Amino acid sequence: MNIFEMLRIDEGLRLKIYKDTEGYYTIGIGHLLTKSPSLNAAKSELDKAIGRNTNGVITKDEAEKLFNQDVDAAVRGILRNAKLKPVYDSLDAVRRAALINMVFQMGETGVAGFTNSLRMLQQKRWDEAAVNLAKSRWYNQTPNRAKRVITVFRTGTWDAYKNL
């Protein structure tokens, strides 16, 4: 298992514009297009992202390309963030994947906000960080996905994703 396979499981793959869990226009593998309520604005951001007149539909190759860009950006956002970088550097390879997943979902800003949890992860207090991560809107709104990510932080293994 790896970060790409992990996120492909959590986000799924859709080739036509759809609405995410928050009701925002998205496409591909969890690629947020716009927070705006307008489908046109969404089609416009899609075309600009792909570089062609899409008609709200993309191919698999195009979806994967946005995905690759998005994972790359997630990583870079972590390494440039004063609060995230040190956590990420302190973690083992499996747990780093869990942090990337959170950033991909909620953005760097969002994750950097989990101050207490971050400190606990940095300290390697797994069970305690897991309980603290669960006390969040994130966990209450997307519980199955949050449980998966939290279990990875708790155990350092990919067991939570094996079966899916």
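Just count from 1 along the sequence shown to find any residue number.
Peer 1: Which is higher in the entry, the mean Cα B factor of 129 to 137 or that of 54 to 62?
Peer 2: The entry gives the higher C-alpha B-factor average to 54 to 62.
Peer 1: Decide which of the stretches 12 to 20 and 145 to 153 has the higher mean C-alpha B-factor, going by the entry.
Peer 2: Comparing averages over the C-alpha atoms only gives 12 to 20.
Peer 1: Considering only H31, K48, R96, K35, which residue's Cα atom bears the greatest B-factor as recorded?
Peer 2: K35 has the highest C-alpha B-factor of those listed.
Peer 1: Tell me, please, which of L39, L121, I27, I100 has the highest C-alpha B factor according to the deposited entry?
Peer 2: Highest C-alpha B-factor among the listed residues goes to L39.
Peer 1: Ranked by Cα temperature factor within the chain, is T115 in the lowest third, the middle third or the highest third?
Peer 2: According to the entry, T115 has a C-alpha B-factor in the chain's lowest third.
Peer 1: Which third, lowest, middle or highest, does the CA B-factor of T109 fall in along this chain?
Peer 2: For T109, whose C-alpha B-factor we compare with every modelled residue in the chain, the answer is the highest third.
Peer 1: How does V87 rank on Cα B-factor within its chain, lowest, middle or highest third?
Peer 2: Within its chain, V87 is a middle-third residue by C-alpha B-factor, going by the deposited values.
Peer 1: How does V71 rank on Cα B-factor within its chain, lowest, middle or highest third?
Peer 2: Ranked within chain, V71 CA B lands in the lowest tercile.
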